[PDB]
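Visitor: missing the sequence, but the structure's below:
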């Protein structure tokens, strides 16, 4: 806890080099101990003080940290001539140790205490050892030369260590009858001092790697104590010899330095940052020997004397007015922030100058210099005033660099040899103009420009507009380096050519007022033009690369198209697009010399037209022809196809800025439509009729659309809009008599026909009739259509619903309804007693309850079928009497025995291979099952009343048996989840046991057909989990119909209570579909069984619906990945408008990878499905390239 206070937080990319060495303490030398000893006391006590000083001096000669590669000799004070060889793996340490001495015998380390006592003769042989002066004349304070641990060292800290000769004498303590070691008595004949300094040297020989030497900083301030301490150490000899790896000497502040750096090394620093901040420095790199003078009161003292060879990276003082002078080789100057003078030498010179100079900094370029780079790590382009025909860098505020040549006549020599970098990525170059040199912009790194200006969007055209605006000329050669794309630039021709590198790279387009743009085509390209913001816009042009495999798309959604016309010339189309007040021009030309006709243009978000259609309609002669104008139908925003039946639950996303949305109900048939709508969220302005005409308000309860017409509704965009509607075609009325014939074609657009005879009924004929009966039996099909209740009665009217199969997939629908057929007595069919009483009359004499006008048409010729209505009446009477060989299977919510969670129900008798499902318009489930047993014709019905309105509560699952021709028992287990009929067939005992070849299937009601069939003719070979779920993702990325209807049904069921309140009960049913963008991988880098871990973000957003939410659409750059979650239950619900689902997964949640599929990697779309996993807390969150997922 205490050591926590000595630590510091990590710093990133120091723009300027800072000092890092330790600072010396005050009075480290022997002068302090001499002053303390000066107090006249007992002599041996003074010696004890001296010896204590020597002990602490030798106690910490070296501190080694091989883990960080650091050596510390700051604590060395008594180990002189210390030579450190770093070439060996364990560095070699040599040097002299401070030693004890005696006036007569000198230093004799080879003798013991008794032998020394005999030599000098200060006691008797009998004397106890405790009475002898231990360590007299034979002690070495650095007792042993310390052993440096083996390691790889790159930073050496050097201390000022001298070797001391500790002169002593023998003092007889009479009161203690002992002999001790004492400082000599100065009162006697001439005495040698208690401590005498013998040497003041130090040496480190660098190895082969890069080493930094940091001598102790004794001159850190101009305080008088630090000044005199530096003065005392002004002759300390340092000997530094660098290796091939480079040597970085950071001068401590005082002494004699002898730096001999290897010329092979690329950089040999000499940093003066350890000196005081405001220190006037004058250094010349062309002089072998030099001295750094310190202005002490009334004179100078040479506090340094540096003899340097091989140094080429002079780093000036901290913030002091200095004079740096270079040599004939390449140099690098980290100048101070106090201004001064930099007289560079020959060769190539680089400089790093900080911001907020306290004095103008004068750069003098010698006649021998060839090139110059000036780095401005802290300055942005906004602070430089564009002075013309001058090389000096001028600041808007603060002092400015004042570059001058040694001779101004050769100022023109720096053509292209004076580059000025900048923090924001701008790289200026001194280019020669007509009669001089002007600093012009050569490069623009978009990365650093984004870093400096993240608020500003990284548009190259915006950037160049800024450069032109501020008054900075542009070099004929401009490189827009950085990013995924390169822009080559010829301002003379005013030309921008794009170099697309990646494939299917979405790139947005923006015209310029002054600089025409050229767009290079690549497969999968897709550009957007926004609303032009300026007058007098120079045109645009695109070289199209039509591969007919990955066609490009030019988009005009955000341009707000108002006035669009086109023209042809020279095998290229010139277009003009005008907004409400601005204008812009386009030139599409083909590198293949021909028009691709594949680059479809989306001028409007739902009016997308292929280039081929435009080039057909556009005349060949080169004259303007208006192809689009805003005076036509308003912006087509949400198209709704009316021939779809039943609930469709129209939805569109909200846009706050526009606050104007258009829903267009489009009819493609010849029958008038009435939309019986019901607004659930949102409001209406009415229906548009004319451009400059107020919209007449229209009730949403009923809207009329004429055949082959469009109805436009304008909706406010402040809140999300969800509308539920149920459309039905206008029934055609047939009232006349006689014989009439109509074929399949003329009324397949029509959904309902109604007959109201006046005197005689017409002879109804339906040519090309294709009756839908599961079995050929007439009586069995009659029972099937009558047992469900599909035959309906309304007082004296009869309605019957029949189906037809056409070439298009699915089933049609058509109802026959006849009024007045039942007599007045037969209008009371609601009473079962009266119906039972009338049944014998119906069997005996039907004509007693038969209308006379309908007597002649008791049978209807439905093409290949004959409908005998008396048979329908008799069969209905039979069913009614039997109710009050076929039985009804009904189930409830709380009935059933115990992935397949819920309740179990089973039908006793087995079915056939094919299956058929029926869905009543009221919302009842009527699963249809067969018997495969001909001895009585009878089928099974599974009834789930109120299923549509209550499938969320329902959790039941059905079971049935399957016999085969070879007597094979196959178990079928079916689960109902809305529009999904997830059926499972298992051979069970077939060819093995407990290892069944499990096959999967499903049926989805598309366009709301109340009958659906599944023959299961082939179904491939095996329908595995991967087949299922990667199939669903494959269809949903392509926006198929099954995924669309499940999404629509889910969204409709989300509003059972009226508002956005999705209970946890449904979320277990609903899977989770996520769309993400990733940069790149290597093929097959993920496999099944691996684990993902979601990143440490606040939340990861998931959407249950992707079709009408518009999330799976291609957007951005890179590859797209679609993730399929089986069970996402446990994720909280975020603040969403009623209609949009957005659930937030908590960070940490693990996912289990299954069946990662990369078939469509050439399409840059990958399908991946995961599992729920748990708190195991393992996995990976990023791609091998470092790119993060779930964006």
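Guide: Yep, it's here. Numbering: from 1, shown residues only.
Visitor: ok, which stretches of the stretch 101-250 of the chain are helices?
Guide: 113-120, 224-232 (DSSP state H, counting those that start in this stretch).
Visitor: is it possible to get those out as CSV so that each row also shows mean neighbour count?
Guide: Heads up, the C-betas are built off the backbone N, CA and C, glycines and all. Listed next are those as CSV, based on neighbours: other CB atoms under 10 Å:
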stretch, mean neighbour count
helix 113-120, 16
helix 224-232, 17
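Visitor: could you dump these into CSV with distance to residue 371 added?
Guide: Below are these laid out as CSV (distance: least, CB to CB, whole Å):
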stretch, distance to residue 371
helix 113-120, 70
helix 224-232, 39
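Visitor: where do the strands of the stretch 251-400 of the chain begin and end?
Guide: For the stretch 251-400 of the chain, applying DSSP state E, counting those that start in this stretch gives strands covering 255-260, 269-271, 282-284, 289-296, 299-309, 313-315, 322-325, 331-334, 340-344, 347-352, 361-365, 369-375, 384-385, 394-395.
Visitor: ok, residue 785 - contacts?
Guide: By CB atoms under 8 Å, 6 or more residues apart in numbering, the residues touching residue 785 are 791, 800.
Visitor: could you tell me how far the host helix or strand of it lies from the centre of the chain?
Guide: Secondary structure assigned from DSSP states H and E places residue 785 in helix 778-787. When C-alpha coordinates are averaged (CA atoms, centre = their mean, to the nearest Å), helix 778-787 and its chain have centres 60 Å apart.
Visitor: ditto for stretch 233-244
Guide: The chain centre lies 53 Å from the centre of stretch 233-244; the measure is CA atoms, centre = their mean.
Visitor: what do you get for stretch 637-657?
Guide: For stretch 637-657, the distance from its own C-alpha centre to the chain's C-alpha centre is 31 Å (CA atoms, centre = their mean).
Visitor: for stretch 317-335, same thing?
Guide: That offset, for stretch 317-335, works out to 44 Å (CA atoms, centre = their mean).
Visitor: so for it, first residue to last residue, what's the gap.
Guide: 7 Å (CA to CA, to the nearest Å).
Visitor: relative to residue 766, how far out is residue 746?
Guide: According to CB to CB, to the nearest Å, residue 746 stands 11 Å off from residue 766.
Visitor: which of those two has more residues huddled nearby?
Guide: For the pair residue 746 and residue 766, the greater number of neighbours falls to residue 766 (23 against 12), based on other CB atoms under 10 Å.
Visitor: if that one is in a bridge, with which residues?
Guide: Using DSSP bridges, the bridge partners assigned to residue 766 are residue 742.
Visitor: what do you get for residue 331?
Guide: Assigned bridge partners for residue 331, using DSSP bridges, are residue 349.
Visitor: that one reaches residue 352, doesn't it?
Guide: No - judged on CB atoms under 8 Å, residue 331 makes no contact with residue 352 at a distance of 11.7 Å.
Visitor: which of these two has more neighbours?
Guide: Higher neighbour count among residue 331 and residue 352: residue 331, with 24 against 20, using other CB under 10 Å.
Visitor: and the longest helix that the chain contains, what does it pack against?
Guide: Selection of the longest helix in the chain by residue count, based on DSSP state H, yields helix 43-59. Contacts defined by 3 or more CB pairs under 8 Å, 6 or more residues apart in numbering; DSSP states H and E place helix 43-59 against helix 30-38, strand 163-167, strand 169-173, strand 178-182.
Visitor: of all the strands of the stretch 251-400 of the chain, which lies closest to residue 591?
Guide: Proximity to residue 591, assessed across the strands of the stretch 251-400 of the chain by CB to CB, is greatest for strand 369-375 (39.2 Å).
Visitor: for that closest one, list every residue counted as buried.
Guide: Neighbour-count burial for strand 369-375, counted by 16 or more other CB atoms under 10 Å, picks out 369, 372, 373, 374, 375.
Visitor: by how many degrees do it and strand 347-352 diverge?
Guide: Strand 369-375 and strand 347-352 meet at an angle of 10 degrees, taking axes from the mean of the first three to the mean of the last three CA atoms, to 10 degrees as the criterion.
Visitor: strand 369-375 pairs with which strands, parallel or anti?
Guide: Paired with strand 369-375 in the same sheet, following DSSP bridges, are strand 347-352 (parallel), strand 418-421 (parallel).
Visitor: fine by me, thanks again.
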